[PDB]
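Residue numbers (the authors' numbering), protein chains in the order written: chain C, 1 to 60; chain C', 1 to 238; chain C'', 1 to 60; chain D, 2 to 11, 25 to 69; chain D', 2 to 11, 25 to 69; chain D'', 2 to 11, 25 to 69; chain A, 13 to 283; chain A', 13 to 283; chain A'', 13 to 71; chain B, 8 to 261. A prime marks a further copy of an entry chain. For every residue, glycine included, the Cβ atom is placed at its ideal position computed from N, Cα and C. Structure first, then comments.
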Amino acid sequence: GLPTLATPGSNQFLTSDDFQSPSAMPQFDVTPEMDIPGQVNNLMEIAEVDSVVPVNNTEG
Amino acid sequence: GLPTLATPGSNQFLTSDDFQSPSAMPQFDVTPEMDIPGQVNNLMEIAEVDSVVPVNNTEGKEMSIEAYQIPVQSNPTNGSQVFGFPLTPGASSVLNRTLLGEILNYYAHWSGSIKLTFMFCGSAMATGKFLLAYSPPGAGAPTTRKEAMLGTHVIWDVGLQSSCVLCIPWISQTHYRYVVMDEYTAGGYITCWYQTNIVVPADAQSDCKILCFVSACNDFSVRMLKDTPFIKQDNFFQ
Amino acid sequence: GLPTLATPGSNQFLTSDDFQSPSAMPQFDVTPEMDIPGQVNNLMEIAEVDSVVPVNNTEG
Amino acid sequence: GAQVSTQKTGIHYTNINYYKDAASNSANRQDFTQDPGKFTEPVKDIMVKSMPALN
Amino acid sequence: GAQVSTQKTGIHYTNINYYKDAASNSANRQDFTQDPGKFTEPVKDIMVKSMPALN
Amino acid sequence: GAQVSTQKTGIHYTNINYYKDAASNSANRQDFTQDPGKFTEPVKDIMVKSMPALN
Amino acid sequence: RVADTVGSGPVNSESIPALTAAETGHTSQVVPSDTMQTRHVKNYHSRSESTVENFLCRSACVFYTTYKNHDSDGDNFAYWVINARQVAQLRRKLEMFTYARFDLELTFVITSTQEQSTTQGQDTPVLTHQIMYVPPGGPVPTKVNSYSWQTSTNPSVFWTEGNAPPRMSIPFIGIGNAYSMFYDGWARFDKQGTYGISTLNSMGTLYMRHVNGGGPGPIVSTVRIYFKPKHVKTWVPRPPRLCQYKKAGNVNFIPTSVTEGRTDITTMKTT
Amino acid sequence: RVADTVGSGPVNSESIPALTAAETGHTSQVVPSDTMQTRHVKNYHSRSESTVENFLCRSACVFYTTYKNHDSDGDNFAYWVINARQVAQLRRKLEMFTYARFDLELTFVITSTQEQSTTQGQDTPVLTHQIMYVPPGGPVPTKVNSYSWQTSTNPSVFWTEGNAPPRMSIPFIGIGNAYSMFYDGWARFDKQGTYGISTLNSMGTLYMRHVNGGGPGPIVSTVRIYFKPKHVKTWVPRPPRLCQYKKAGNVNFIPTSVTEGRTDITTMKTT
Amino acid sequence: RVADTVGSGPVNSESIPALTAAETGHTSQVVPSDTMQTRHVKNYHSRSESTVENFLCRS
Amino acid sequence: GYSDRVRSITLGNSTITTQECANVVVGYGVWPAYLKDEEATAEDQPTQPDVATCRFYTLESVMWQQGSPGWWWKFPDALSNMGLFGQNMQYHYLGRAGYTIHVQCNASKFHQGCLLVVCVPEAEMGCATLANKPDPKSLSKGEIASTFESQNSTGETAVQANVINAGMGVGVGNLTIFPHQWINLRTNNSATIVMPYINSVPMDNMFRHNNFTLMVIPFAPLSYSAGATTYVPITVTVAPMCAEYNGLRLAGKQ
Ligand SMILES: CCCCCCCCCCCCC/C=C/[C@@H](O)C(CO)NC(=O)CCCCCCC
Ligand SMILES: CCCCCCCCCCCCC/C=C/[C@@H](O)C(CO)NC(=O)CCCCCCC
C-alpha cells in the first residue's frame with residue numbers, strides 16, 4: 001500500500017466541486033449531436049440583446 | 001504520506017462500477033481455453049435471427065401451437081384483411097415475446113429496421129397474391145386494402161418462392177424509440193390483405209396457414225440496460 | 001490534496017491478499033543465507049517421490 | 002498519459031482521466047467560445063454604424 | 002508502465031494494472047467483435063439476394 | 002523508478031516498492047524454479063530407462 | 013475576455029452612429045467611443061464565469077423523500093419519478109434555454125432521524141441504504157422485499173451511513189439530439205389528452221429503501237437528490253420565468269405584473 | 013457501430029430480393045434498400061451496450077443469509093453452497109447461453125439489526141464479521157468456534173461494520189474449458205440417480221459468522237452475496253426462459269402460454 | 013509449467029522401461045509414452061499454485 | 008444441368024440423394040473435424056474407425072398425422088445400437104463426433120403441412136412432476152422416437168412434453184436459434200443439418216451424456232382431401248463424422 005495522508009475537506013460535499021466520478025451507465029452510446037440553430041455559449045450573448053424597459057411602471 | 005483528499009462517492013457500492021480488485025486466489029492456473037462452436041459476441045447477433053411470431057395469439061390459442069398459425073382461405077370477396085398488429089416490438093403481446101422481443105425487454109431504447117418473413121404452408125396446388133403493408137403512425141390504422149396500400153408495401157405472389165420478406169424501414173421523428181408503449185414514440189401499423197383470393201383446384205385444401213418470422217436488420221441497435229419484466233420470483237429457489 | 005475515490009474492498013482483510021506493509025524492524029540486518037542441502041521449490045517435487053501404499057489396509 | 006492545461010489566473027495543472035466513459039470527466043470550464051451575431055445583427059443586411067438604417 | 006485508450010464518446027483515459035493476477039483487472043468493455051454469419055446464413059451454400067432459393 | 006512484470010494469464027502490471035526494508039515487499043509469486051533430481055534419481059549412478067537396474 | 017476601450021477625440025460628420033432603426037430587430041453595435049470622447053483603456057475583464065457551462069454546473073437539490081425502517085405490509089420504501097420541474101431554483105435556470113444537452117452528476121445526501129417511543133435497550137448498528145434506478149418498462153418493487161431489488165441489470169447504489177455522500181455520472185440519455193425544455197405539442201396525433209412538456213417526460217423511477225432495520229425503535233430516513241449538469245450545450249434563449257410556478261407538469265401560471273411600481277415616472281427613489 | 017443506409021432509386025428486374033426460402037434456415041440479409049426507395053443515411057449508432065460483456069457485467073444479488081450474535085451450542089453462524097440458480101434475475105441472463113467462461117467479482121453487503129428484549133445498559137462496540145470460503149473437500153465448521161475458522165489455507169475476509177463493502181476477484185475456476193449452463197446428462201454411467209445441471213454443480217460452501225458478540229443484547233446480521241462476471245465468453249444462444257422457475261436444482265416447470273392473448277387476429281389494441 | 017505428452021507408436025525391444033530396481037532409492041522417470049501407445053498432447057498446465065511460496069503465503 | 012434441390016451425399020457404404028432441398032445448414036458455421044493435439048487432455052492414442060463408423064444409420068420411421076404434436080430423439084445415444092458405432096461406444100470411456108442429420112418426409116402436390124427440424128445441443132428437459140426428476144426411459148428410447156403432447160403431461164416421472172415449451176420451459180417458436188431447416192411439403196422433401204461436436208469439454212462419455220437432441224415439430228398441421236394417400240411417414244437418417252474414441256476397456260455402462 002502506497003502511504004497516504006488524507007487532508008481536510010475529505011468526504012466533504014461541495015456544491016461547486018468538480019471531480020471525475022464513476023458512470024452508472026457504461027459504454028452508453030449517446031445519440032449523435034445535431035445542429036440546432038441559435039446556440040448560446042455565454043449568458044452575455046443574452047444581455048447584449050435589447051429588451052423593452054418598463055419605464056412607466058407607474059400607478060398600476 | 002502523500003496528501004490525499006477523498007471525493008464524494010467513496011466507500012460507495014455501485015452495481016455498475018468497474019474497478020480492479022484483489023484476487024482471492026493468487027497465481028491460479030486457469031484451465032486452457034477451447035474452441036467451442038457458435039460463440040456470441042453481442043446480443044444483436046441474436047436478434048438478427050428469425051423466430052416465429054405468435055400472430056394468431058387469439059382466443060385461447062396462446063396455450064397451443066396454433067398461436068403461430070395465420071389462417072388463410074378461399075373467400076367470396078376481395079380485400080378482406082388477414083391480420084394486423086402495431087409496430088411496438090417491445091411491449092406488444094404479439095412481438096414482445098420473440099427472440100427480438102426478449103432481447104428488447106432487457107433494454108429501454110431501440111432503433112432500427114425490421115424483417116418480417118412470411119411462409120405459405122398450403123398445398124403446392126394452391127395459389128394467391130397477398131398485400132403486406134406497413135403504415136407509419138399519423139393517421140388512423142388502415143381498414144381497407146386501399147389506405148393500407150397508400151403506405152409502404154410489397155405485393156407477394158405465392159409461386160415456388162413460398163417465403164416473402166417485407167421490410168419495415170426505420171422511420172421516426174427521433175433516433176430511438178422507447179421499448180415501452182409511449183404514444184410520443186408510436187411506431188405505426190402492420191397489416192396484411194388479400195390481393196387476390198386463394199384459388200385451389202378440386203380435392204385440394206382451401207384453407208392453409210402462413211407462418212411469420214421477425215428479426216432485426218443490420219442497422220438495428222439498443223440502449224439502456226434494465227431487468228426484464230418477464231421473470232419474477234417469490235423466495236429463493238430450491 | 002490529490003483527489004481520491006475509495007473503492008469497495010477498502011479496510012478489508014483478505015487472508016490471501018498481497019500488499020506491501022511497514023516494517024516493524026527498520027534496517028534489520030538479516031543473518032546471511034547458507035546453502036542447506038535438499039531445497040524444495042514446489043510441492044510437486046514432493047509428490048514425484050515414491051511412498052509405500054497401504055494396499056492391504058484390511059481387517060485391523 | 003496525462004495533460005497539462007493553464008489555470009485561471011489574473025502556472026498550469028496536470029490532469030488524467032481515470033474512467034472509460036467520457037461522461038465521467040469533469041466539466042470543461044477552460045472553454046471560451048462566443049457568437050453574439052446570432053442574437054444581435056441577425057439581419058440579412060450588414061449595417062454600417064456611421065450610416066442610417068433607412069436611405 | 003501504463004497505457005492510454007480512447008474513451009466512449011459521440025479524448026482518452028490512462029490506466030495501469032496494480033495486481034499480479036489478470037483476473038483482478040476490470041472488464042474489457044472497449045471490445046467490439048461480431049459475426050452474425052454463424053446464426054444467419056449458416057448454409058454451406060452462399061445465397062445471392064437477387065436470386066431465388068430454388069432454381 | 003518502477004517495474005513492469007507480466008500477469009498470470011491463460025498484459026502486465028506496473029509496480030513500485032515504497033518501503034526501505036526489502037522485508038516490506040510483497041511475496042514473489044512470479045517465481046517458477048524446480049529440481050526433482052534431488053528427491054528422485056539421487057543415485058551417484060545415472061540410470062537409463064531402457065536398461066535394467068542390475069547387469 | 014472582454015473588449016478594451018478605444019481612445020476617442022472630437023468629431024464633425026454626416027455619420028450617424030447615434031441613430032438607427034430598432035424596427036430592424038438588429039441590436040446596435042454602439043460603443044462609448046461614438047457619441048462621446050473617451051480615453052484609451054486596456055480592459056482585462058474576463059467573461060469566464062458567465063459561460064453556459066459555469067452557469068449550470070453546480071449541484072442543486074431537485075427533490076427528496078422519506079421511508080421508515082419499520083412497517084408491517086412492506087410499504088416502507090419510497091420512489092420518485094425522475095424529473096426536474098418540482099423545484100423552483102434549477103427549473104428556472106434550465107428554462108432559460110429551449111433545448112439543452114448535457115451529462116448529469118448525481119449526488120445523494122442520505123440522513124436518518126429517530127422518533128419518540130417507549131422502546132428500551134436500544135443500541136442501533138450502522139444503517140445501510142439502497143437507491144435503485146429503474147429504466148422505464150422495468151419491473152417495479154411492491155414491498156420492502158420484492159425480488160426486484162436484486163438489480164441484476166438495473167444499476168443501483170449501496171451506501172453505509174457515516175460516509176461521503178454517494179455519486180454517479182449519467183450520459184446524455186436523450187432520445188432526440190437534445191433535451192427539450194418546452195413542447196408546444198400533444199402526445200397523441202389527435203390533439204386529445206396530454207398537452208405540454210409532460211409528454212416528453214419519461215425517464216424512469218428511483219427507488220430507495222433501508223437494507224437493515226437497524227433496531228426495533230422507529231427511524232425515518234430522508235434522501236435528497238442533487239443534479240449537476242456537465243459538458244453543457246444550449247440553444248434558443250428565452251425570457252426567464254416571470255410568474256411563479258404553479259404546477260410541475262405544465263406551464264400554468266396566474267398573471268403577474270411586469271415589475272414593481274414607483275411613485276412617478278420620475279422617482280429616483282426606486283420602490 | 014451499426015451499418016448506414018444506402019441511397020436507393022426505382023428498379024425493374026428478374027432479381028427477387030423480396031423472395032427466398034426460409035425453409036433454408038438461413039436468415040435473410042435483406043435491407044430496406046431492396047423492396048423500396050431510400051435516401052442515404054450515414055448511421056453512427058453503436059451496438060456498444062449490447063456486447064455480451066456489458067450485458068452481464070453488473071453486480072447482482074445471488075443469495076443471502078442470517079446469523080445471531082448469540083446462541084448457546086455454537087450454532088450461530090451460517091453457510092451457503094455457492095451456486096447461481098436460486099435467484100431468478102441473473103439465472104435467466106446466464107441461461108441465455110449454453111456455455112460461458114468468465115472471472116467473477118465478489119461483493120458482499122453486510123448489515124446488522126437489533127431485536128427487542130429487556131436487556132439494559134447496552135453500549136455495543138463495532139461488529140466484525142468473517143466470511144470464509146471452503147473449497148470442496150475441505151473441513152467444514154461445526155460451531156461458532158470450531159478450529160477450522162483459522163483458515164490457514166482457505167481464503168476468507170474479515171470486515172468491520174461501517175466500512176466499504178468487501179470485495180474480491182475469482183478466476184475461471186472451471187474444470188472443463190468452460191462453465192456449463194445446462195447438462196442433458198446424468199451423474200453415474202448407469203443413468204441412475206441425479207439428472208440435470210445439479211451434477212456439474214460443485215463449488216464449495218461459504219461460511220459466515222460474527223467474530224465478536226458485540227453486546228448481550230440479541231442481534232441478527234444478514235449477508236448478501238453479489239456476483240458480477242468479467243472478461244466474458246459465451247457460446248450457443250438459447251431461448252430465454254419462458255416459464256417461471258420452480259426449482260433451483262433443475263429445469264422443472266409447469267407449462268406456460270407463449271404470450272398473452274388479444275381479441276382478434278386484427279386487434280391493434282394489444283391486450 | 014508442466015511437460016506435454018509425446019506421440020507413441022508400437023515397440024519391440026530388449027529395452028526394459030517397465031522394469032527397474034526400486035531398491036535403488038531412485039524414483040522412476042517413466043512416462044506413459046513407455047509401456048503404452050499415446051497420442052501427442054501439448055500440455056499447458058502450470059504448477060504455479062503449488063510453489064512453496066504460494067503454499068505458505070496465506071494469513 | 009442442376010437444381011439447388013438436387014444433392015448427393017456419400018459416407019462409407021451409404022449415399023444420400025436429394026431431389027428437393029433448400030441448402031444444407033452447417034452447425035454454427037463450423038464443420039466437424041478431428042480433435043487437435045492442442046485441445047486434448049486424454050494422452051492415450053485415440054481410435055478412428057472411419058468408414059466402419061462414420062456412415063449413414065437410418066433409425067426407425069414414424070407416422071405423421073393430423074394431430075401429431077411432434078417427436079424428438081436424444082443423440083449421443085440413439086445410435087447406441089447401430090453397428091460398430093454403438094460398439095466403439097460401449098467399449099470406450101471417452102468419445103467425440105460430429106453428425107450429418109437428414110430428415111426425410113414426402114407427400115404429394117396436394118398434401119400440405121410444415122415441419123421444423125432442429126438440433127438442440129444440451130437439451131435438458133423438465134419433469135412432469137415438479138418434485139421429481141424424469142426417469143431415463145422418459146428421456147430417450149434410443150432409435151424409438153419420443154413424443155411431445157398437445158397438452159400437459161402427467162405425474163410420476165414423465166417429461167413435461169407439452170409442445171408449446173419443448174419440455175424445456177421456453178417458447179417453442181424460438182427454437183430457431185439452434186441449427187435448423189424447415190420441411191414445407193409444398194416446396195420441400197428433406198432437411199439436412201451438419202452438427203459439429205459441441206461441448207464444454209474435448210471429449211465425453213456417450214452413455215452418461217446426450218450432447219444434443221433432434222426435434223421434429225409440426226407448426227403447420229398435415230392435411231389433405233379425401234382420397235389422398237393417408238399415411239405420411241417421416242424417416243431420420245444420421246451419420247457420425249470424425250468419431251474418435253479413448254480409454255478402452257471392457258464393455259457396458261456401470
Ligand atoms: C444509480 C444511478 C442512477 C442514475 C439515474 C439517472 C436518472 C436520469 C436523470 C435525468 C435528468 C434529465 C434532466 C434534463 C431535463 C429534462 O428533464 C426536461 C427539463 O424541462 N424535459 C425533458 O423531459 C426532455 C425530453 C427528453 C426525453 C429523454 C428520454 C430519456
Ligand atoms: C474470500 C473469497 C471467496 C471466493 C469464493 C468463490 C466461489 C466460487 C463462485 C463461482 C460462481 C460460478 C458461476 C458460474 C455459473 C455456473 O454455476 C453454472 C450456472 O448455471 N453451472 C455450473 O455449475 C457449471 C459446471 C462447472 C463446474 C466447475 C467446478 C469448479
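Item                                                                                                                                                                              : Value
Give a single yes or no on whether residue 21 of chain C has its beta carbon closer than 6 angstroms to a heavy atom of ligand 1.                                                 : no
Of all the residues that make up the region 113-124 of chain A', which are near chain C' by a beta-carbon distance shorter than 8 angstroms?                                      : 113, 117, 118, 119, 121
Can residue 74 of chain C' and residue 206 of chain C' be called in contact, C-beta distance under 7 angstroms?                                                                   : yes
Measuring CB to CB, does residue 27 of chain C end up less than 7 angstroms from residue 43 of chain D'?                                                                          : yes
What span of residues does the alpha helix (DSSP H) with residue 105 of chain A cover, start to end?                                                                              : 100-106
Step through the CB atoms of chain A' and report whether any lies within less than 7 angstroms of the CB of residue 189 of chain A.                                               : no
Between the Cα of residue 180 of chain A and the Cα atoms of A:241, A:118, A:208, which residue gives the shortest distance?                                                      : A:118
What's the call for residue 64 of chain D', buried or exposed, on a 16-neighbour Cβ count within 10 Å?                                                                            : exposed
Going by other Cβ atoms of all chains shown within 10 Å of its Cβ, with 16 needed for buried, is residue 195 of chain A' buried or exposed?                                       : buried
Can you name, in chain order, every residue of its own chain whose Cβ lies under 7 angstroms from the Cβ of residue 157 of chain C', other than the five neighbours on each side? : 129
Per DSSP, residue 115 of chain A' forms a beta bridge with which residues?                                                                                                        : A':242
Given that a residue counts as buried once 16 or more other Cβ atoms are within 10 Å of its Cβ, and exposed if not, what is residue 38 of chain C'?                               : buried
What does residue 33 of chain D' touch in chain C' if you count any residue whose Cβ is under 7 angstroms from its own?                                                           : 20, 22, 23
Along chain B, which residues have their Cβ under 9 angstroms away from the Cβ of residue 3 of chain D'?                                                                          : Near residue 3 of chain D' there are no residues of chain B at all, since even the closest Cβ is about 34 angstroms away, more than 9 angstroms.
Give a single yes or no on whether residue 132 of chain B has its beta carbon closer than 6 angstroms to a heavy atom of ligand 2.                                                : no
Three-state secondary structure (DSSP) at residue 163 of chain C'?                                                                                                                : strand
Does DSSP classify residue 203 of chain A as helix, strand or coil?                                                                                                               : coil
DSSP beta-bridge partners for residue 222 of chain A'?                                                                                                                            : A':141
Going by the beta-carbon positions, is the gap between residue 244 of chain B and residue 109 of chain B smaller than 7 angstroms?                                                : yes
Comparing the C-beta of residue 40 of chain D with each C-beta of chain C, is any distance below 7 angstroms?                                                                     : yes
Pull the bridge partners of residue 239 of chain C' from the DSSP assignment, please.                                                                                             : There is simply no residue 239 of chain C' to check, as chain C' begins at 1 and stops at 238 in what is shown.
Of all the residues that make up the region 32-45 of chain B, which are near chain D' by a beta-carbon distance shorter than 9 angstroms?                                         : 32, 33, 34, 35, 36, 37, 38
So what does residue 240 of chain B bridge to, in DSSP terms?                                                                                                                     : B:70
Find out if the Cβ-Cβ distance for the pair residue 164 of chain A', residue 229 of chain A' is shorter than 7 angstroms.                                                         : no
Under 7 angstroms between the Cβ atoms of residue 111 of chain C' and residue 178 of chain C'?                                                                                    : no
With a cut-off of 7 angstroms, does the C-beta of residue 54 of chain D'' fall near any C-beta of chain C''?                                                                      : yes
With DSSP collapsed to three states, give me the class of residue 4 of chain D'.                                                                                                  : strand
Which of the residues in the region 65-89 of chain C', read from start to end, lie with their CB under 9 angstroms from any CB of chain A'?                                       : 65, 67, 68, 70, 71, 81, 82, 83, 84, 85, 86, 88
Report the CB separation of residue 42 of chain C' from residue 62 of chain A' in whole angstroms; it is logged as a contact under 8 angstroms.                                   : 5 angstroms
What residue does the beta strand (DSSP E) around residue 81 of chain B start on, and which one ends it?                                                                          : 78-81
Is the separation between the beta-carbon of residue 49 of chain A'' and that of residue 55 of chain B shorter than 7 angstroms?                                                  : no
For the candidate residues B:207, B:80, B:228, B:213, whose alpha-carbon lies nearest to that of residue 174 of chain B?                                                          : B:80
Taking only runs that begin and end inside the region 64-138 of chain C', name each unbroken alpha helix (DSSP H) of 4 or more residues, in chain order.                          : 99-104
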